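1. My sequence and its experimental structure, below.
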4 protein chains.
Amino acid sequence: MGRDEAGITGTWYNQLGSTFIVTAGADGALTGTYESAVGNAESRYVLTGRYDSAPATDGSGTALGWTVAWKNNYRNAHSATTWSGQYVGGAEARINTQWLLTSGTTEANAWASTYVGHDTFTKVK
Amino acid sequence: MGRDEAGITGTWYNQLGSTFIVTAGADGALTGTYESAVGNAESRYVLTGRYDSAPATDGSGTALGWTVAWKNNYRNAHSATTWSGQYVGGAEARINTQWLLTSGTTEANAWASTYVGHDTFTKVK
Amino acid sequence: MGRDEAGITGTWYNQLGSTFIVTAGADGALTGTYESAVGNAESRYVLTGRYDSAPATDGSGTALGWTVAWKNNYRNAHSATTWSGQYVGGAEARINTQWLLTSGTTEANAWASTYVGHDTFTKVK
Amino acid sequence: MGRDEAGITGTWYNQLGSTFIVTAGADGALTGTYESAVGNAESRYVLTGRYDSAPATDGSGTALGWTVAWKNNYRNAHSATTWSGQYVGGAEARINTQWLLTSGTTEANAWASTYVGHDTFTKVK
């Protein structure tokens, strides 16, 4: 099993009230669903990603990332978000991320294609 | 099939000489391998991601993203990169991305955990 | 005077314990000093920047940005940080920022030149 | 004088056809004007920033950054952009940047406040 397979797997919530449901595989896989509390989104979207299944044992966090394309059976926002961050284990476990949201654009609007932000996920709230 | 399933699937190269080998699934999946020409990396790493399988038909690009965790059988850089971008089809097809590279860090060094950059992928070179 | 000239001018502290001392000019100027609690830094560094001196009156925040080059009489970290964000007025005034830290690099290391992060500044702590 | 004071001072153009007119001071200051070819912008806007006036002599680039608040006598886009990057001297001098564009937003829309992109400036075109 991955060192933090058990720590990462489950339900996480961010500061916006979004819900991230993830399974961490022994081999580094992340699979699950994302539900955004904000933006052009409804219900759950597929996510996939990767994590470091053998992190440093010096108290460093565990690097990971995942992607959501904002298409499901309900809506298509012609966009994708990637979260890049680290899992920090312990009593108040956190996933601390920064994210990039890219929209499909014309060449003329491509300079404005991409938003950047930061989300912090906890196991409560 | 996804609108750009055929356009995205295959081998791509970026401005650094890295190699991205991807299969686009009918359902929005991206699966493949990444080989970085730079950094703490050797040989291929697993990637997974997502793309908009039903993009706008107004000449906008196709949003997509993917993740590599920099662990394979050879090396572990305790880091993950996410690329967020859009596929632009036609004679000189491109994937234009921005990326976030997060390292596992101590809490003291977490302010310096994440690099940001931009890669442009083409089908030649 | 700028709408938030009085609100912005003064001493701010971020989540790292850094100190930002700024004067907002009637014309949109930001001038002052920055002292980082972390990284290759000691004592104060010059900053300059700009803010929107006539923001929207719909309860939107006030856009602003500034730069520090990490050279002073004590040290030179061959780097510069830019903070981009908005001032949100009221009882618990905040400046919410994202930042880019670029180091001078060789062409070979330029892919790793730039860090991205987020700082939140308050008038206390 | 700054090592690259003479190299930086003058007129630069980016890949969008924007015009950046900058004076580099002996002490690290950047002052000038910016004219964007794209977005909610017309004519020139004030910029200020900083650069490393004593860079490494190992062939590394020169770190620098600057800010534009998108208010002038013609328009107010209630936003500010910061460019963070490095100057690379020689026959085909370049300023390679990444940028953050923050808009004033309501708290509800603050997750979508900030765009990220990359501009490359040359002395011709």
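-> Happy to help now that I have it. Numbers count the residues shown, from 1 in each chain, chains lettered A, B, ... in the order given.
2. If you count neighbours, what's buried in stretch A:88-96?
-> Using 16 or more other Cβ atoms under 10 Å in any protein chain shown as the test for burial, stretch A:88-96 gives A:88, A:89, A:93, A:94, A:95, A:96. For every residue, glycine as well, the C-beta is placed using N, CA and C.
3. Strands along chain A, start to end?
-> Taking DSSP state E to define them, one finds strands in chain A at A:10-13, A:19-24, A:29-35, A:45-51, A:62-71, A:76-88, A:94-103, A:114-122.
4. ok, the closest residue to residue A:36 other than its chain neighbours - contacts?
-> Leaving aside its sequence neighbours, residue A:36 sits nearest to residue A:18 (Cβ to Cβ, 6 or more residues apart in numbering or on different chains; 5.0 Å). Taking Cβ atoms under 8 Å, 6 or more residues apart in numbering or on different chains as the criterion, residue A:18 is in contact with A:34, A:35, A:36, A:37, A:38, A:119.
5. Any residues of chain A in contact with chain C? List them.
-> A:98, A:116, A:117, A:118 (Cβ under 8 Å from any Cβ of the partner chain).
6. farthest residue from the center of chain A?
-> residue A:108 (29.3 Å; Cα atoms, centre = their mean).
7. so what's it closest to, chain neighbours aside?
-> residue D:38 is the one closest to residue A:108 (Cβ to Cβ, 6+ apart), at 7.8 Å.
8. ditto for residue A:53
-> residue A:2 is the one closest to residue A:53 (Cβ to Cβ, 6+ apart), at 3.5 Å.
9. before we move on, what about residue A:74?
-> Per Cβ to Cβ, 6+ apart, closest to residue A:74 is residue A:42, 4.8 Å.
10. How about residue A:19?
-> residue A:35 (4.4 Å).
11. what's the neighbour count on the residue nearest to residue A:74?
-> Neighbour count for residue A:42, taken as other Cβ atoms under 10 Å in any protein chain shown: 13.
12. Burial check on residue A:27, number of neighbours?
-> 12.
13. okay, now the residue lying closest to it once chain neighbours are set aside: neighbour count?
-> Distances taken as Cβ to Cβ, 6+ apart place residue A:53 nearest to residue A:27, at 6.6 Å, with adjacent residues excluded. By other Cβ under 10 Å, 22 other residues sit near residue A:53.
14. give me the residue from chain A nearest chain C.
-> Residue of chain A nearest chain C, by Cβ to the nearest Cβ: residue A:118 (4.6 Å).
15. now that residue, which residues is it bridged with?
-> Here residue A:118 sits in beta bridges with residue A:98, going by DSSP bridges.
16. That one reaches residue C:118, doesn't it?
-> Yes - contact criterion Cβ atoms under 8 Å: residue A:118 and residue C:118 qualify, at 4.6 Å.
17. Relative to residue D:35, how far out is the residue nearest to residue A:36?
-> According to Cβ to Cβ, to the nearest Å, residue A:18 and residue D:35 sit 39 Å apart.
18. repeat for residue A:85
-> Using Cβ to Cβ, residue A:85 is found at 37 Å from residue D:35.
19. repeat for residue A:78
-> Computed as Cβ to Cβ, the residue A:78 to residue D:35 distance reads 31 Å.
20. Would you mind telling me which of those two has the busier surroundings?
-> Taking other Cβ under 10 Å, residue A:78 and residue D:35 do not tie; residue A:78 has more neighbours (22 against 17).
21. List the residues that contact whichever residue of chain A sits closest to chain D.
-> Closest to chain D within chain A is residue A:116: 3.9 Å, counting by Cβ to the nearest Cβ. By Cβ under 8 Å, 6+ apart, the contact list for residue A:116 reads A:98, A:99, A:100, A:101, B:116, C:98, C:116, D:100, D:114, D:115, D:116.
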